[PDB]
Ligand SMILES: Nc1nc2c(ncn2[C@@H]2O[C@H](COP(=O)(O)OP(=O)(O)OP(=O)(O)O)[C@@H](O)[C@H]2O)c(=O)[nH]1
Ligand SMILES: Nc1nc2c(ncn2[C@@H]2O[C@H](COP(=O)(O)OP(=O)(O)OP(=O)(O)O)[C@@H](O)[C@H]2O)c(=O)[nH]1
Ligand SMILES: Nc1nc2c(ncn2[C@@H]2O[C@H](COP(=O)(O)OP(=O)(O)OP(=O)(O)O)[C@@H](O)[C@H]2O)c(=O)[nH]1
Ligand SMILES: Nc1nc2c(ncn2[C@@H]2O[C@H](COP(=O)(O)OP(=O)(O)OP(=O)(O)O)[C@@H](O)[C@H]2O)c(=O)[nH]1
Ligand SMILES: Nc1nc2c(ncn2[C@@H]2O[C@H](COP(=O)(O)OP(=O)(O)OP(=O)(O)O)[C@@H](O)[C@H]2O)c(=O)[nH]1
Ligand SMILES: Nc1nc2c(ncn2[C@@H]2O[C@H](COP(=O)(O)OP(=O)(O)OP(=O)(O)O)[C@@H](O)[C@H]2O)c(=O)[nH]1
Ligand SMILES: Nc1nc2c(ncn2[C@@H]2O[C@H](COP(=O)(O)OP(=O)(O)OP(=O)(O)O)[C@@H](O)[C@H]2O)c(=O)[nH]1
Ligand SMILES: Nc1ncnc2c1ncn2[C@@H]1O[C@H](COP(=O)(O)OP(=O)(O)OP(=O)(O)O)[C@@H](O)[C@H]1O
Ligand SMILES: Nc1ncnc2c1ncn2[C@@H]1O[C@H](COP(=O)(O)OP(=O)(O)OP(=O)(O)O)[C@@H](O)[C@H]1O
Ligand SMILES: Nc1ncnc2c1ncn2[C@@H]1O[C@H](COP(=O)(O)OP(=O)(O)OP(=O)(O)O)[C@@H](O)[C@H]1O
Ligand SMILES: Nc1ncnc2c1ncn2[C@@H]1O[C@H](COP(=O)(O)OP(=O)(O)OP(=O)(O)O)[C@@H](O)[C@H]1O
Ligand SMILES: Nc1ncnc2c1ncn2[C@@H]1O[C@H](COP(=O)(O)OP(=O)(O)OP(=O)(O)O)[C@@H](O)[C@H]1O
Ligand SMILES: Nc1ncnc2c1ncn2[C@@H]1O[C@H](COP(=O)(O)OP(=O)(O)OP(=O)(O)O)[C@@H](O)[C@H]1O
Ligand SMILES: Nc1ncnc2c1ncn2[C@@H]1O[C@H](COP(=O)(O)OP(=O)(O)OP(=O)(O)O)[C@@H](O)[C@H]1O
Ligand SMILES: [Mg+2]
Ligand SMILES: [Mg+2]
Ligand SMILES: [Mg+2]
Ligand SMILES: [Mg+2]
Ligand SMILES: [Mg+2]
Ligand SMILES: [Mg+2]
Ligand SMILES: [Mg+2]
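Protein chains in written order, with the deposited numbering: chain G, 6 to 226; chain D, 7 to 226; chain J, 6 to 227; chain I, 6 to 226; chain B, 6 to 226; chain K, 6 to 226; chain M, 6 to 227.
See below:
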C-alpha cells in the first residue's frame, strides 16, 4: 500500500482538488484543517468532506480539525500593534500559515507523515502566503524537519476556472465550501520584502512552538 | 465467465442487449451515465427490478455515474461556438463521447474490458448511432484495450424487433428511461460533420481520461 | 399580519440577502427555487435554508422547489439550433428566467401571492437577465397579470462584496450556497437589442404556458 | 365543490394528459382502469399515479382498477371464431372498449358520476375504437344512460409529440406508463363500415351486461 | 436421492394427481405452472400447493410460475386473424401448450431436469392438446432435446370420477383448484388434421423461441 | 332501507350467484352454511367469501357456519338401515336438506329474517332436494313458519355454463369453491314418489327439532 | 410580574453579580452575550448559566448568545491597517464594544427591553474601553434609542474581592467563567482624545448597522 500524505484542507476549491488529485493517483490522504479561532461559518465544510468520501471512499483516511488558536495568537495577534506599525501591512494571515506549519511539524512527527500538501495557486499570488518567496521559505522550514512540503495545484491553477472545472469532472461541487477568516478583506497588498521579513522575524517563535509541542522546552525563544 | 459492462438507460435496446448477454451466461455490470440534463429518471428502478427478477445473480451491479462535468467540458462549454460553426446541435454526440471517456476509467479501475451498448440500425439518423461514430468509438476504446460491442445493432431493423424479444423474456416492452432535455432539439447532421465533431473533441476526451487516471491536471 | 411575498431563491448570496432584507422589515417570505433540470450539486442549498430559518424563524414561511424543466425546454432548448444560429449568442439562461416568470404567474395566482422578488444586481449587468432591458420587460409582463415584480438588492449591489458583508452582519455565511447551471460559462455577451428581441420572440410561448398551467388551453401559441 | 368526473385511465400519455388538464381546471378526477384480463406488465402504472398525486394532490379523488374480464370475454372472445370469419378482422380491442363502456354505465350510476372522459386522439384514428364512427356510436350509447362521454385531448393531439410536451410542462414523464394488451400488433386495419357493424352487433350484449350489473336480469340478450 | 422430475401443474385435478402419484413412488416433483397472461382467478392455486405440501412435504421440491405471455403471443395471438381464417378454428390453447413446451426445453436444460409430466387424460381428448396426434408431436419435439415427456394419468383417467376419487384417497380436495383461460368455451372442435397442421406450422417459431431463450440467436425464423 | 335476506351458501357456483344477484339489487345477504359433520375439504370456502366481500363490501352482512350434525343424524342417519331397506335408495342428502330447513326456521326466528334463498337449479333436478316436488314441499314447510323460501337462479340455470359466465361477469371465479359430502356419488336416482314419501315420513322429526331448538319441548315426535 | 431587563453578560464575576443582584430584587433578566467570532474556550459559560438558573429559576428568562462577527468585522477589523496607523494604538476591543451596542439596540427594540445593565466596576481602569469617556459615549448612543444603560455593581465593587464574596454568599462560584478574546490591549496608554476620536469615527458605521438590522436601509454609512 502507498503511504498516506497530509493535505492542508479548508473545503475550498483548491485544497479539495489537491486532495482529490492525490487520491486519483492511489495516494491516501489525511485531511487537516487548522482552526485559528477567528474563522466564521465553518459548518459547510462537512458537506465537502461527505462529497469527497462519496467520490473516493477509503482513500480519505481521516479529517483532523486542529485548534491552532494559541500558536496563531502568539505569532500574529499578541504583537499586532507593533507588527502593523513596523510593516504598515496587516499580515495576520501570513502569521496564520506559519502557525499551521509549526503545528504540522508536530502532527507529522506524531502521526508518521512526511509529505504535506496545500492548495496554494499561481493565480492567488497577491496573497502573502501564496507568494513564491513564502512558499520557498516554508519549504525550507519543513525540510529542516525532514518534511516534504508540496503544492500540487500551484502551477496548474492559472485561474479559479481551471480548478472549478476539474472538480466538476470529478462529480464534486465547484463552490468554495469553507469558513472565512474574520480578517477577510482587512489588508492591502504587501511587498515580497515585507513578506519575507515578517516570516524571518516570526520564525524563532514558530520553531519554539514546535519545540514546546514536542515536549522539549517550556522556555521562550 | 468474466463480467462485461452494458451502457444501460432502462430503454428497450440496452435492456435487450444486457438480457441477451445474460442468456448466454455472461454476467453484466449495468452502467448508467447521468449527464445532469436528464428528466424523470425514477422509472429506471422498475426496469432494474424486472431484470434482477428474470436473471438473478447474472446482474452483478448497477452503477449510476455522475458524468455531468465531462459532458459539460466536451459538449456544453463551447456550445455557442460549436453550433455556430457546425450549424448543428451535436450535444448528444458529445454526451456519448463523455460516456466513453468515463468508461475507459471505469473499466480500468474495475477489471472490465468488454463494454456493450444498445445502439440500433433503425436509429442511424441519430449521430452517435451512425456507423462512422460507432467505428470511431470502437477505435478509441481499442486504444485502451477495451472491446466495444453493440450486440443488438444489426438485429434491430425496427423497434418492434426489440420489443417482442423483451416480451418473450417476460419483460415490459416500454422504454423505462429518463429523457434528455435535449430531446427533439436538433436537426440531422451529415456524416462529415459527425466525424469532424468527434475528431475535434477527441483530445479533450483523452485528456479527461488522463485526469481521471490521476496522470495530469493540464488541459489538452 | 403582513402578507407573505415570494423570493426567487437559489441559495446564492443576492437572493439570500433579498429574502433576509424583506424579513428584517417584518415581511414573511415564501422561498421559491426553480429546478430547470440542468442544475448540478444543489444539495448545499439546504444548509442555507437552515441558516435562514435559524436567523429569522417563522418569517420563512415555506420553500417550494418547482420542476420547471418542461417550460424551460419549450422556451429555450427545443429550438436551440435555430435560436443560436439566428441570434449568434447562447441565450438559454435568459430563456430560463422567462420560464421562471411564466411558472411564477401560475404559482402566484394559485397561492394568493402578488409580490415576487429576486436577487438580480447592478454589478451583474453583463448577464442578459439582469440588464435593465430584461428587468423592465419582465416587470411589465408580471404587471399584466397583476403581479408586482421587485428586485430589492438591485441598486445597492455595486459589487459582490456589498452583498457578502451585509450577509455577514446578519450572521449568515458569505458563500454562494447554490447549485450551478451546466450552461455556466457556455456563452458570449449579447447586445441589449438581442436580449430584447429574444424576449419578444419567446414571450408568446411563455404566455401560452401560463394559459396551459391555468387550465385554459391545450393549443400551441398563435 | 366542483363535481368529480371520471377518466378512463391507462397510465398512457393521452389519458394522463386528459386527467391532468381536467384537474388544472379545478375538476376532481376519479381515475378508472379496466383490466380485461389479457394485459401484461401493468406494474408501471403505479409510478404514473404517484406522479399525478404529487402534481395535483387531492384533485385525484381515487383510482379504481376494475376487473372487466367477464364482460370482455362475453363481447369479444366467446365468439372469436365467428367474429373473425365474418368481419375478416380481429376486433377484440374494439370489443374491449365496448366492455369498458358497459362497465362504466354501472360504475357511473352507482358512484354519482355523469361525465366520463378518455384519451382517444386524432392521430390514433387508425385504431377502431378511436375512429369518429366509434366515438359517435359510444357517445350515443352513453347518452341513452344520461352520461356525457367526452374526449378532451382528441382534437388537440395531432401527434404524440403534442401530448408529450404538455406532460413535460406539468413536470410529468413523457413515457407511456401502461400495461400492454397481448393483442398488441395482432390485427390489420378495419374499414369504418366493419367497425360500425361490429359495434351494432355487440351492442345488445353490452346493454344486457349493463342490465345484469344493475341487478335487473339474469337472462341473456 | 431419486432425480427430481417436472410436472406441468395447473392446480387442476389431473395434474395434481399426476404429481401426487409420482411423489407416492418416491420421485421428487418440481411443479411448473405456465402463465400465458390471459388466465383469470389463479389465486386458488395456492390452496392446492399447500394441500400437496402438507401431504407430501419435501417431495414437493418447488413451484415455478413462469411468465410465458411473450412466447404465447408470438405463437398464437400475433397472427390470430390469419390463423383463424386458414384453419377456421380458434387454436390458441393448442398454441399455448406449444409455448409451454418451448419454455420447458429451456427450463429443463437450465435446471437439470430431463423428465416432464402432464395431466392430460383420455377422457379429455376432445381438447386439441390432449389428442394422441398432439401428444405424439410434442413427445417427438421434447425427445429432440433429450427430454422425456410422459403423461402418467393419461390411460388411467377414463372419466373425471377416476381422478377425483384417487385424490380423495390422498386426503386432497376433489375440486379443480386452477385459474381459467379467458379462451374457455371460445372454440369449436378441430379435426386431427388441423391440429397437426397447426403444430407443424408453428413449430419453427417454437424452436426459434427455444434458441433465443438459450441465448443462441436474436434473429427470427 | 332494505331488509337483509339469508342465502343458503356452499361456496358453490349457484349459491354464490344467487347471493351476488340479490346484492346487485341492493338486498343485503346473510350467508348461511350448514355443516352436516360429513363434509370434506371445506377450507376453500374462505377464498369464495373473500371474493364476495371484495366485490360487494358491506352488502355481505355475515357468514354463519352452523353445526347441524345432530339434526342431520336424527333425520337421516339414525335409521339408515330401515330407510334404505324401505325406499331402496340412499336419501341422506335429502334428509340433510330437511335438517337445513329445520335449523333455518330457528335461525330466522331468532335473527329477524323472513326470506331465505338457495341456489338449486333446473339443470340439477336429478338430485332429490332440487326436484320440484321437494322444493314445493319445503316452500310449504317454511310458509307454515311465515318464512318465504325462494330459489332465485332456479329457472335461469338451464346449464352450469349459464351460472359460470354470470359469475365471471362479476369478476368472480367460475369454480365450485365448496366442500364435498362424503355421500358424493353414493346413491342412485330416486323417483319423485320416493322423494315425497321420505320427506313426509321425516317431517314430524324435523318439526320436533324446530320445537326443541325454540325451547318448547324435550319430548320426541 | 416586573418588566424584564437585559444584562450584558460574559460569565465573568462582575456581570454574573449584576444579573444576580437584579434577580434578587425580583427583576427578571435576559442574559445577553456578544460573540465577536474571535473568542476562545467559551464552553465554560454554560456552567455559569446553569449555576444562575439553579439559584434563581425563572427569573433567568433566557440566555442569548448573539453572533456579532459581521458588525465587529465592519467596525474594527476591515480597516485595521488604517486604524492602527492613524491612532498608533490597537483599539479593536473598543470597536467590539461599539459593535455590541449596535446589536443591543436591535435586540432591545425587537424584544421590548429598554433597560440594559453591565458589570462595570471601579477597579476596571486599565482597558481603554472601560474608561468613563467610552461609557459616557455609549450611554449617549443608547439614550438616542430610548434605552437606559445602568451599571448596578459599579459603586459597590472597589475590588474583585468585593464581587467574589457576594457571589459566594449566593452559592455561586467566584471564578471568572468566560471565554477570552484572542485580542489583548497593548502596553501603551492612548489619550482620552484618541479613544473618543475612534468612537466618533466609527459611530456612523454603528448607527448604519442598527438601521440595516432594523430593515431600514441597505446603503453604507453616508
Ligand atoms: N491571505 C489570504 N487572504 C485570503 C485568502 N482567501 C481569501 N482571502 C481574503 O478573504 C477575502 C474573501 O475570501 P473569499 O470568501 O474566498 O472570497 P471570494 O473568492 O469572493 O468567495 P468564494 O468564491 O466563495 O471563495 C478575500 O477577498 C481576501 O481578502 C487566502 O488564501 N489568503
Ligand atoms: N441523438 C439521440 N437523440 C435521441 C435518442 N433517443 C431519443 N432522442 C431524441 O429524443 C427524442 C425523444 O426520445 P424518446 O423519449 O425516446 O422518444 P420516442 O421513443 O419516440 O417516444 P417516447 O418514449 O414516448 O418519448 C427523439 O425524438 C430524439 O430527438 C438517441 O438515442 N440519440
Ligand atoms: N446568465 C447568467 N449566467 C450566470 C449567472 N451566474 C453565473 N452565471 C454563469 O455561470 C458561471 C459561473 O457562475 P458561478 O459558479 O456562480 O461563479 P463563481 O464565482 O465561480 O461561483 P459562486 O461562488 O457559486 O458564485 C459564470 O461565469 C457565468 O457564465 C447569472 O446570474 N446569470
Ligand atoms: N386498437 C388499439 N390498438 C392499440 C392501441 N394502442 C396500442 N395498440 C396496439 O398495440 C401495439 C403496441 O402498443 P404500444 O406498446 O403502446 O406501442 P408504441 O407506442 O409503439 O410503444 P412504446 O413506444 O414502446 O410505448 C400497437 O402497435 C397496436 O397494435 C390503441 O389505443 N388501440
Ligand atoms: N383446450 C382446452 N380447453 C380446456 C381445458 N380445460 C378446460 N378448457 C376449456 O375451458 C372451459 C371451462 O373450463 P373449466 O371451468 O375447467 O371446466 P368445468 O368442467 O366446467 O369446470 P370445473 O369442474 O369447475 O373445473 C371448457 O369448457 C373448455 O372450453 C383443457 O385442458 N384444454
Ligand atoms: N343430492 C345432491 N348430490 C349432489 C349435489 N352436488 C353434488 N352431489 C353429489 O356429489 C357428487 C360430487 O359433486 P361435485 O364434487 O360437486 O361434482 P361435479 O360438480 O361433477 O364436479 P367437481 O365440482 O369438479 O367436483 C355428485 O356427483 C353427486 O353424487 C347436490 O346439490 N345434491
Ligand atoms: N493558600 C493558598 N491560597 C490560595 C491559593 N490560590 C488562591 N488562594 C487564595 O484563596 C482566595 C480565593 O482563591 P481564588 O478564587 O483562586 O483567587 P482569585 O484571585 O479569584 O483567582 P482566579 O479566580 O483564578 O482569578 C484568595 O483570597 C486567594 O488569596 C493557593 O494555591 N494557596
Ligand atoms: N485554516 C487552514 N487549514 C488548513 N489549510 C489551510 C488553512 N488556511 C489555508 N490553508 C491552505 O492554504 C491554501 C490556500 O488557501 P486558498 O483560500 O487560496 O485555497 P482554498 O481554500 O483551497 O480554495 P478557495 O479558492 O476556494 O478558497 C489552501 O488550499 C489550504 O491548503
Ligand atoms: N446516459 C447513458 N448511459 C449509458 N448508456 C447510454 C446513455 N445514453 C445512451 N446510452 C447508450 O446508447 C444506446 C442508444 O440509445 P437509445 O435511446 O437508442 O437506446 P435505449 O435507451 O436502450 O432504448 P430506447 O429505444 O427505448 O430509447 C443505449 O442503448 C445505451 O447503450
Ligand atoms: N433556478 C432559479 N430559481 C429561482 N430563482 C432563480 C433561479 N435562477 C436565478 N434566479 C433568480 O435570479 C437571480 C440570479 O442572479 P445571481 O445568480 O447573480 O444571484 P444569486 O444566485 O442570488 O447569487 P450569487 O451571486 O451567489 O450567485 C437570483 O438572485 C434569483 O433571484
Ligand atoms: N383498459 C382501459 N381502461 C381504461 N381506459 C382505457 C383502457 N384501454 C383504453 N382506454 C382508453 O382509451 C384511450 C385511447 O388509448 P391509447 O392507448 O391511444 O391512449 P393512452 O393509453 O392514454 O396513451 P398512449 O398513447 O401512451 O398509449 C386511453 O387514453 C383511455 O382513455
Ligand atoms: N398453464 C399451464 N401450465 C402448466 N401445465 C399446463 C398448463 N395448461 C395445461 N397444462 C397441462 O395440461 C393439462 C391440461 O389438461 P386439464 O386442464 O384437463 O388438466 P388439469 O388442469 O390438471 O385438471 P382439470 O381437469 O381439473 O382442469 C394439465 O394437466 C397440465 O399438465
Ligand atoms: N350444507 C349446505 N348449507 C347451506 N346450503 C346448502 C348446503 N348444501 C346445499 N345447500 C343449498 O342447496 C344448493 C345445492 O345445490 P348445488 O350443490 O348444485 O349448488 P352450489 O353448491 O351452490 O353449486 P355447485 O353446482 O358449484 O355445487 C346450494 O346452492 C345451496 O343453496
Ligand atoms: N462580549 C460581551 N458581551 C456582553 N457584555 C460584555 C462583553 N464583553 C464585556 N461586556 C461587559 O463589559 C464588562 C467587561 O468587564 P469585565 O471583564 O471586568 O467583566 P466581567 O466579565 O463581568 O468580569 P471578569 O472578566 O473579571 O470575570 C462585563 O461585565 C460586561 O457587562
Ligand atoms: Mg479558501
Ligand atoms: Mg433511450
Ligand atoms: Mg447565482
Ligand atoms: Mg395506451
Ligand atoms: Mg384444467
Ligand atoms: Mg354444491
Ligand atoms: Mg471579562
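Where is the CB? At the ideal position from N, CA and C, for every residue including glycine.
Environment of residue i [buried if 16+ CB atoms lie within 10 Å]
i: residue 127/M; result: exposed
i: residue 80/D; result: buried
i: residue 92/G; result: buried
i: residue 137/K; result: exposed
i: residue 1/K; result: Past the boundaries of the shown model lies residue 1/K; chain K is included only from 6 to 226, so the question cannot be answered.
i: residue 168/D; result: buried
N- and C-terminal bounds of the beta strand (DSSP E) containing residue i
i: residue 146/B; result: Per DSSP, residue 146/B belongs to no beta strand (DSSP E); it is in the alpha helix (DSSP H), 137-148.
i: residue 12/D; result: 10-13
Residue i to residue j span [Cα, whole Å]
i: residue 69/I; j: residue 37/I; result: 5 Å
i: residue 105/I; j: residue 125/J; result: 55 Å
i: residue 201/I; j: residue 135/I; result: 12 Å
i: residue 215/B; j: residue 114/B; result: 10 Å
First through last residue of the alpha helix (DSSP H) which encompasses residue i
i: residue 106/I; result: 97-116
- Does the stretch 147-165 of chain J come within contact of the stretch 45-56 of chain M, defined as at least 3 CB pairs closer than 8 Å? The stretch 147-165 of chain J, when compared against the stretch 45-56 of chain M, does not touch it at the 8 Å Cβ threshold.
- Stretch pair the stretch 183-192 of chain J + the stretch 83-100 of chain J: three plus CB contacts closer than 8 Å: Counting C-beta pairs with one atom in each stretch, the stretch 183-192 of chain J and the stretch 83-100 of chain J have three or more that are closer than 8 Å, which means they touch.
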